[PDB]
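As a convention, Cβ positions derive from the backbone with ideal geometry for all residues, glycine included, and neighbour counts pool all protein chains shown. Read-outs throughout are calculated quantities, based only on the coordinates presented, and are distinct from any laboratory measurement.
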Ligand SMILES: Nc1ncnc2c1ncn2[C@@H]1O[C@H](COP(=O)(O)OP(=O)(O)OP(=O)(O)O)[C@@H](O)[C@H]1O
Ligand SMILES: Nc1ncnc2c1ncn2[C@@H]1O[C@H](COP(=O)(O)OP(=O)(O)OP(=O)(O)O)[C@@H](O)[C@H]1O
Ligand SMILES: Nc1ncnc2c1ncn2[C@@H]1O[C@H](COP(=O)(O)OP(=O)(O)OP(=O)(O)O)[C@@H](O)[C@H]1O
Ligand SMILES: [Mg+2]
Ligand SMILES: [Mg+2]
Ligand SMILES: [Mg+2]
Ligand SMILES: [Mg+2]
Ligand SMILES: [Mg+2]
Ligand SMILES: [Mg+2]
């Protein structure tokens, strides 16, 4: 929506299992605040997303 | 040995020329084909997602069977996928199947069938009224059958 | 040059080891690689089906993919 | 022939063309070159043929090598010089110093040698003369000044006599000064440089005619090979463009494809099969070779990727038994590594087998296999070679090119050879529904009309199955196509309910 938002992700860890989602986060005076993923978007990695706004199953 | 594996030849190509490498491959490839040895070579394609080539220095062809893993972005998540690209003497599965990674190993689930442009890492979800056609409401031609 | 006869032309890498000079005629080795229809597992069941039975014993299997995909695993 | 300088033939596979005829009669040609380059053979080869082809006795002066050895060595190419030095056709004139020699002797002896050689030439009635390693004579205590005068005397007198002479010169650097005393180059009438350039740990020898006072000739380097038969040159550029073309048609071994090509490949035509790794190329080629033998015609297969054994395993699995093919003496499999020699050689190995077997068809699986390491021009020039040879010989060719980038390769050349080729066959993957399906296409056919669809094909134990086209898909070539449907359910065989039978009975 016209705003440079972030996104943290644990790309690879040889031992552990790590999270496979791309979670956005933000920076305040309290430090980083990881948030929720972009479940509803597409091409996320590319950088310039593309919401899917799928019309449900159309009833 | 009866089996031989070198993890990350892409770890050898470090600095060394392209030709010196290519040669080295043949050197470890041929010697393995003659000595009745089964070999698996690990290669790390410099770029995750989008990779138009599956090697680096173009070793590809000097091989029998290709096994490919590629990151697929889905619903805001980075999930793997595998595919047997080419097998010179066998049949091998054409489909591209995704897979989990736990404490047990690899579980080759299904294939993103309701998807497009997968090889790009970032696919295009395209269910939007699946193979049932606009006839999900069966028109109404089926209003003759049940009577009294 | 080897006056009178023939020879392999060019450079060839050799390694002076604890067993004297050892030259690898990387070009000499011929392309006479015995083959057969024998297959062997991988350690991944389904995967073996995906090949159609298992990798051939006499072959070279290539595993590519981005860092993290899990080639070391396979 | 329009030239004003009379020439005599060396009968050296290649030279007489590059020299537009052969060494200028009554003159001296300086064939110079690095250590082991080819020099002294040329010389010997030059006297040889004159003997065994024109019956012209020759005089060979040795300076460093022992008159015994020259004969001992020349046996490698299969020549009993002995017998000739014996029948009075070849007079070897020793001048090699001695194992218990003094020091100082290269000026008045240079005057004596003239008279010497002048005796044997008058005696044996010779036409050709070789003076191998003059250099060694000055390697006693001399400098540029005394070498141009002394050589000159020798050649000057030699020309007066009427002998067509060849002198040999050594040189430390491959491209730098032509000869040691950087003076021989202007004292001679002609100058034949022989090199053996390194680069990429491999070795490439070439011959070049810098100058031929009086006539024209082919300029620049030309690769040659020293085989069991001696010097062998390739005027890759003297290869005129006047091959024969015919509307005759042959099979591809794949029926449906044939249609797709207007009615079967042209007899005289180069064929290119490009497609990402694992697309199929190797197969087709095998099905091409096969059929050629199924009609009783010869054909060769030069595998640079897969072994002769494996070529059969996968060949049998696809049906078609190569075991028999070999036995019925109809198909010959070469099979080798592109790293086991320089192209010059590889180009000749192929040519050879094409003359000791006379194929009527040929297939080179993975030209791109030969493009490894090598420079594009070097490889492009080699392609023109094979392509060249097979074209002027009515031998149908099917080359295999594997593009370095599956799905998304904006160019099926990579090395840009698609314009020398007559007919291209394209194989490429197609991402349809989480599945890597294949699909072939006939890009171009110079004489035929060929089908313009990008049909899909499947591989079975039986072979290449050419199905139907992805009409309802855009961005095909892109590799991962976009499904846009105007139909699909459109007739073809609607009729719902029970349409099939099963395995019991129909
Ligand atoms: N115990 C585990 N549980 C869940 N996931 C794991 C576990 N171990 C590893 N993984 C996952 O598998 C990946 C490990 O990669 P792996 O060791 O298979 O080699 P690779 O991908 O071929 O090469 P490299 O490790 O150098 O990137 C990690 O990135 C991670 O996502
Ligand atoms: N039968 C043969 N097959 C292949 N190569 C051969 C054969 N016989 C000789 N050669 C090659 O020929 C070359 C010998 O060179 P040659 O005797 O023609 O004179 P030169 O190289 O000009 O001068 P010099 O006496 O200083 O070496 C070597 O490089 C050698 O490998
Ligand atoms: N018996 C078989 N049954 C089914 N499919 C086969 C069989 N043999 C080979 N294949 C298929 O054919 C392909 C093998 O490629 P092929 O040997 O035709 O040469 P290529 O693709 O031109 O070059 P290269 O194999 O060196 O990459 C594989 O990708 C595989 O899917
Ligand atoms: Mg291949
Ligand atoms: Mg890695
Ligand atoms: Mg690793
Ligand atoms: Mg020498
Ligand atoms: Mg010599
Ligand atoms: Mg192949």
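Counting only DSSP beta bridges whose two residues both lie in the stretch D:1-236, roughly 40 percent are antiparallel.
Fewest neighbouring Cβ atoms within 10 Å first, the residues A:1, D:483, D:433, B:97 line up as A:1, D:483, D:433, B:97. With each label modelled as a point 7 angstrom along the Cα→C-beta vector, the residue D:173-residue D:82 pair spans 4.4 nm. Rounded is the label for the stretch D:1-236, because the ratio a/c of its alpha-carbon gyration tensor axes (a ≥ b ≥ c) stays below 1.5. Here r is the Cβ-Cβ distance between residue D:245 and residue D:321 and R0 is 41 Å; the resulting FRET efficiency, rounded to 0.05, is 0.75. Over chain B, dividing the summed -39,500 (n - 2.57) contributions of all DSSP H runs of at least 4 residues by the number of residues returns a 222 nm mean residue ellipticity of -4000 deg cm²/dmol. When the Cα gyration tensor is reduced to axis lengths a ≥ b ≥ c, the ratio a/c is 1.5 or higher for chain C, and with a/b above b/c it is classed as prolate.
Could you work out the relative contact order of the stretch D:237-484, using alpha carbon pairs under 8 angstrom and six or more residues apart, expressed as a whole percent?
Value for the stretch D:237-484: 24 percent.
For chain D, the longest principal axis of the alpha carbon atoms and the long axis of helix D:343-353 meet at an angle near 80°. Taking every alpha-carbon pair under 8 Å whose residues sit at least 6 apart, chain B reaches a relative contact order of 16 percent.
Modelled spin labels at residue D:328 and residue D:462, positioned 7 Å past Cα toward Cβ, are 2.1 nm from each other. Starting from the Cα gyration tensor of the protein assembly as shown, take the square roots of the eigenvalues, sort them a ≥ b ≥ c, and report rounded, prolate or oblate (rounded when a/c is under 1.5, otherwise prolate if a/b is larger than b/c, else oblate). Judged from the Cα gyration tensor, the protein assembly as shown comes out prolate (a/c at least 1.5, a/b above b/c). The fewest-to-most ranking of D:304, C:12, D:337 by surrounding Cβ atoms within 10 Å reads C:12, D:337, D:304. The mean number of partner chain beta-carbon atoms within 10 angstrom of a residue's beta-carbon across peptide A:1-11 is 1. Per-residue shielding of A:36-48, expressed as the average number of other chain Cβ atoms within 10 Å of the residue Cβ, stands at 4.
Here the simple spin-label model places points 7 Å from the Cα toward Cβ, and for residue D:186 and residue D:146 these points are separated by 2.1 nm. Shielding of peptide D:403-412 by partners, expressed as the average count of other chain Cβ atoms within 10 Å per residue Cβ, is 4. Helix D:39-49 and the longest principal axis of the C-alpha atoms of chain D enclose an angle of approximately 90°. For chain D, relative contact order (Cα pairs under 8 Å, six or more residues apart, normalised by length) works out to 13 percent.
If one takes the longest principal axis of the Cα atoms in chain B, at what angle in degrees, from 0 to 90 and to the nearest 10, does the Cα axis of helix B:18-34 lie? So the helix axis and the longest Cα principal axis differ by about 90 degrees. Beta bridges from DSSP with both residues in the protein assembly as shown: antiparallel share about 50 percent, rounded to the nearest 5.
Order of B:125, B:139 from fewest to most other C-beta atoms within 10 Å?
Ordered by Cβ neighbours within 10 Å, fewest first: B:139, B:125.
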